[PDB]
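Structure file work14.txt with compact mmCIF, C-alpha atoms:
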```txt
# COMPACT_ATOMS: atom_id res chain seq x y z
CA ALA A 1 110.33 79.54 97.11
CA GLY A 2 111.10 75.84 95.96
CA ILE A 3 108.74 76.43 92.97
CA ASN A 4 108.21 73.10 91.18
CA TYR A 5 105.13 73.52 89.10
CA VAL A 6 104.16 75.82 86.24
CA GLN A 7 100.46 76.49 85.84
CA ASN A 8 99.45 77.08 82.28
CA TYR A 9 95.82 76.82 81.37
CA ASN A 10 95.27 78.56 77.99
CA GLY A 11 98.27 80.83 78.67
CA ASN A 12 98.66 81.08 74.85
CA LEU A 13 95.63 83.46 74.79
CA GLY A 14 98.12 86.12 75.97
CA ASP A 15 101.76 86.50 76.61
CA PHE A 16 102.95 84.36 79.54
CA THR A 17 106.68 84.41 80.62
CA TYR A 18 108.10 82.89 83.72
CA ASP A 19 111.29 81.86 85.46
CA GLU A 20 110.87 79.02 88.00
CA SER A 21 114.14 79.46 89.85
CA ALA A 22 113.54 83.19 90.34
CA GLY A 23 109.88 82.59 91.21
CA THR A 24 108.68 85.30 88.80
CA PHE A 25 106.16 85.37 86.01
CA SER A 26 104.36 87.96 83.84
CA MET A 27 101.17 87.78 81.84
CA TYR A 28 99.89 90.44 79.32
CA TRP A 29 96.55 90.18 77.74
CA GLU A 30 96.73 93.76 76.34
CA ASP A 31 94.33 93.03 73.46
CA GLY A 32 91.68 91.41 75.63
CA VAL A 33 90.55 87.80 75.59
CA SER A 34 87.16 86.25 75.53
CA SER A 35 88.07 82.90 76.92
CA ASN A 36 89.31 81.71 80.35
CA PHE A 37 93.12 81.54 81.16
CA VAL A 38 94.86 80.76 84.48
CA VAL A 39 98.59 81.09 84.73
CA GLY A 40 101.12 81.12 87.47
CA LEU A 41 103.78 79.35 89.55
CA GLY A 42 103.56 77.11 92.58
CA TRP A 43 103.94 73.56 93.92
CA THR A 44 102.63 70.19 92.66
CA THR A 45 101.19 69.59 96.13
CA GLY A 46 99.50 72.33 98.08
CA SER A 47 99.92 72.98 101.72
CA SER A 48 98.85 75.39 104.39
CA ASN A 49 102.19 77.27 104.47
CA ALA A 50 102.06 81.07 104.15
CA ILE A 51 102.73 82.55 100.72
CA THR A 52 104.48 85.91 100.28
CA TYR A 53 104.20 87.65 96.97
CA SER A 54 104.76 91.00 95.29
CA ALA A 55 102.97 92.13 92.12
CA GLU A 56 101.97 94.83 89.67
CA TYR A 57 98.52 94.12 88.55
CA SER A 58 96.38 96.22 86.33
CA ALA A 59 93.01 94.82 85.33
CA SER A 60 90.43 97.34 86.22
CA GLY A 61 88.87 96.82 82.72
CA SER A 62 88.94 92.99 83.10
CA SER A 63 87.07 90.05 84.63
CA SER A 64 90.24 88.84 86.35
CA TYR A 65 91.74 87.71 89.72
CA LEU A 66 95.11 87.85 91.38
CA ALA A 67 94.83 84.90 93.72
CA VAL A 68 96.25 81.89 95.52
CA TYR A 69 94.56 79.19 93.46
CA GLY A 70 94.64 75.35 93.83
CA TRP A 71 92.64 72.14 94.09
CA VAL A 72 91.74 69.42 96.58
CA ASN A 73 91.37 65.90 95.08
CA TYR A 74 88.53 64.59 97.22
CA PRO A 75 85.99 65.96 97.96
CA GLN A 76 86.81 67.65 94.66
CA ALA A 77 87.20 71.42 95.11
CA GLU A 78 88.77 74.40 93.43
CA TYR A 79 89.73 77.26 95.71
CA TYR A 80 90.84 80.95 95.50
CA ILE A 81 92.16 83.43 97.95
CA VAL A 82 91.58 86.57 95.87
CA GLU A 83 93.96 89.39 96.86
CA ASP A 84 92.96 91.80 94.07
CA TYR A 85 90.58 91.64 91.14
CA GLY A 86 88.82 93.51 88.26
CA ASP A 87 85.17 93.98 87.52
CA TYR A 88 83.77 90.80 88.88
CA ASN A 89 83.30 89.67 92.48
CA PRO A 90 82.50 85.91 92.63
CA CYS A 91 80.92 86.36 96.09
CA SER A 92 78.38 88.93 94.73
CA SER A 93 76.67 86.08 93.13
CA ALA A 94 77.62 82.81 95.11
CA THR A 95 76.35 81.38 98.48
CA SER A 96 77.78 83.38 101.38
CA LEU A 97 79.71 81.52 104.15
CA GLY A 98 80.54 84.62 106.30
CA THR A 99 83.81 86.47 106.87
CA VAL A 100 87.34 85.58 107.85
CA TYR A 101 90.01 88.09 109.11
CA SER A 102 93.71 87.45 108.09
CA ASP A 103 96.74 89.40 107.17
CA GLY A 104 95.30 92.81 107.76
CA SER A 105 91.82 92.56 106.27
CA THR A 106 88.49 90.78 106.32
CA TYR A 107 87.72 88.59 103.38
CA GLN A 108 84.22 87.67 102.32
CA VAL A 109 83.88 83.97 102.02
CA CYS A 110 81.56 82.13 99.66
CA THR A 111 81.06 78.85 97.82
CA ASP A 112 79.49 77.70 94.59
CA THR A 113 78.90 74.40 92.80
CA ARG A 114 80.10 73.97 89.20
CA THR A 115 78.52 71.18 87.18
CA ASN A 116 80.17 69.35 84.26
CA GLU A 117 82.96 71.98 83.95
CA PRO A 118 86.72 71.64 83.28
CA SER A 119 88.54 70.32 86.31
CA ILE A 120 91.64 68.46 87.31
CA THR A 121 89.95 65.17 86.25
CA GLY A 122 88.59 66.45 82.96
CA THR A 123 84.99 67.47 83.09
CA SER A 124 83.22 66.99 86.42
CA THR A 125 81.14 68.52 89.18
CA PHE A 126 83.05 70.24 92.05
CA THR A 127 82.74 72.81 94.81
CA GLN A 128 84.44 76.16 94.72
CA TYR A 129 85.57 78.10 97.87
CA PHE A 130 86.47 81.79 97.61
CA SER A 131 87.95 84.23 100.12
CA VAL A 132 87.81 87.71 98.58
CA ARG A 133 89.91 90.40 100.27
CA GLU A 134 87.89 93.46 101.38
CA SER A 135 90.90 95.85 101.06
CA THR A 136 92.45 94.70 97.83
CA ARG A 137 96.23 94.84 97.52
CA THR A 138 99.00 93.50 95.24
CA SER A 139 101.66 92.59 97.70
CA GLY A 140 101.90 90.86 101.13
CA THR A 141 101.73 87.52 102.96
CA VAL A 142 98.72 85.15 102.67
CA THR A 143 98.41 82.97 105.77
CA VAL A 144 96.77 80.18 103.89
CA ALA A 145 96.01 78.20 107.08
CA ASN A 146 93.49 80.81 108.34
CA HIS A 147 91.44 80.37 105.12
CA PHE A 148 91.71 76.58 105.02
CA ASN A 149 90.60 76.30 108.65
CA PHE A 150 87.62 78.52 108.06
CA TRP A 151 86.53 76.74 104.82
CA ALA A 152 87.00 73.39 106.60
CA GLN A 153 84.05 74.15 108.86
CA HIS A 154 82.03 74.21 105.74
CA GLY A 155 83.05 71.05 104.07
CA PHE A 156 86.51 71.88 102.62
CA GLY A 157 88.44 68.62 102.90
CA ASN A 158 91.57 70.44 104.01
CA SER A 159 93.92 67.57 103.08
CA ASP A 160 94.53 65.53 99.91
CA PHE A 161 95.74 68.60 97.98
CA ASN A 162 96.68 68.78 94.37
CA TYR A 163 98.61 71.76 92.90
CA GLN A 164 98.64 75.20 94.40
CA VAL A 165 100.01 78.33 92.81
CA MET A 166 100.04 82.11 92.95
CA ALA A 167 97.91 82.86 89.82
CA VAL A 168 96.46 85.42 87.43
CA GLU A 169 93.19 84.53 85.79
CA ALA A 170 91.16 86.56 83.28
CA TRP A 171 88.29 85.60 80.95
CA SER A 172 87.31 88.98 79.51
CA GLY A 173 88.75 92.47 78.95
CA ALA A 174 92.47 93.33 78.92
CA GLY A 175 95.15 93.91 81.45
CA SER A 176 98.64 93.12 82.58
CA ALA A 177 100.44 91.41 85.56
CA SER A 178 103.85 90.72 86.82
CA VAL A 179 104.37 88.67 90.00
CA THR A 180 107.18 87.52 92.30
CA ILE A 181 106.80 84.82 94.94
CA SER A 182 109.34 85.01 97.65
```

Rewrite the coordinates I just gave you, this time as structure tokens.
Amino acid sequence: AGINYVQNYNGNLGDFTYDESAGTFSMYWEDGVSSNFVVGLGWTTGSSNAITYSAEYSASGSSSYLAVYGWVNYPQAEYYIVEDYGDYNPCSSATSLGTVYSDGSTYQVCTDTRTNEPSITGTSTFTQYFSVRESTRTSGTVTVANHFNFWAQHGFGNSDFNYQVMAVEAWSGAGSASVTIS
């Protein structure tokens, strides 16, 4: 992997363990949470290389994602390639951009605008891009490039990347996750 960055945003709301040199991490939020966490492992600068992962992920009670997650500095954007998830589909509610096919499934693609919300520069206004896998799974390869190229026709800057990680996020309910990046 060449993992050089640990993502920890409110990981203390649950039990986050990781080992950078093995590329593994776990997160348990068995009791539930009612605030947002995002944890995981990755690289201080994102790129379009494929990511292969393997996970156990149990969050059917939970507003949660298992996703490639990362940011672009300018135009400021937060992005997700959601491989599996719980009770909430961000594309149910956001503006639809269409569909992309990659790595064995279609993904619905959507975007949203967040105003004065926490971001890599503090509090600011940014765009979100989502690809949500139609056949959810917890192991495989994500050909990031196919998503970036599709989003780029819709304004995604597709360069000037900040961090990028394989992540678990939850903001409600309980669940459990253990992930290896290969």

Residues of region 36-81 of chain A within 12 Å of region 94-110 of chain A: nearest atom pair and distance (Å, one decimal) for each, counting all atoms listed in the file, sorted by chain and number, as JSON lines?
```
{"residue": "A:50", "atom": "CA", "partner": "A:103", "partner_atom": "CA", "distance": 10.3}
{"residue": "A:51", "atom": "CA", "partner": "A:103", "partner_atom": "CA", "distance": 11.2}
{"residue": "A:52", "atom": "CA", "partner": "A:103", "partner_atom": "CA", "distance": 10.9}
{"residue": "A:79", "atom": "CA", "partner": "A:110", "partner_atom": "CA", "distance": 10.3}
{"residue": "A:80", "atom": "CA", "partner": "A:109", "partner_atom": "CA", "distance": 10.0}
{"residue": "A:81", "atom": "CA", "partner": "A:107", "partner_atom": "CA", "distance": 8.7}
```

Written file, previous selection with C-alpha atoms, as a PDB file, keeping the file's coordinate frame:
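The result, stored in part16.pdb:
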```pdb
ATOM      1  CA  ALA A  50     102.060  81.070 104.150  1.00  0.00           C
ATOM      2  CA  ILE A  51     102.730  82.550 100.720  1.00  0.00           C
ATOM      3  CA  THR A  52     104.480  85.910 100.280  1.00  0.00           C
ATOM      4  CA  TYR A  79      89.730  77.260  95.710  1.00  0.00           C
ATOM      5  CA  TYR A  80      90.840  80.950  95.500  1.00  0.00           C
ATOM      6  CA  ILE A  81      92.160  83.430  97.950  1.00  0.00           C
TER       7      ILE A  81
END
```

Give me the residues near residue 84 (chain A) as a PDB file with C-alpha atoms, in the frame of the given file, where near means some atom within 6 Å (using only C-alpha atoms) and where sequence neighbours in that chain fewer than 4 positions away do not count.
```
ATOM      1  CA  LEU A  66      95.110  87.850  91.380  1.00  0.00           C
ATOM      2  CA  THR A 136      92.450  94.700  97.830  1.00  0.00           C
ATOM      3  CA  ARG A 137      96.230  94.840  97.520  1.00  0.00           C
TER       4      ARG A 137
END
```

For residue 155 (chain A), the nearest of the candidates A:179, A:120, A:72, A:91, counting all atoms listed in the file: A:72

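Between CA of residue 152 (chain A) and CA of residue 23 (chain A) the interatomic distance comes to 29.1 Å.
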
Give as a count of residues only every residue, naming chains and numbers as the document does, that has an atom within 12 Å of (106.6, 84.2, 90.5), counting only C-alpha atoms. 41
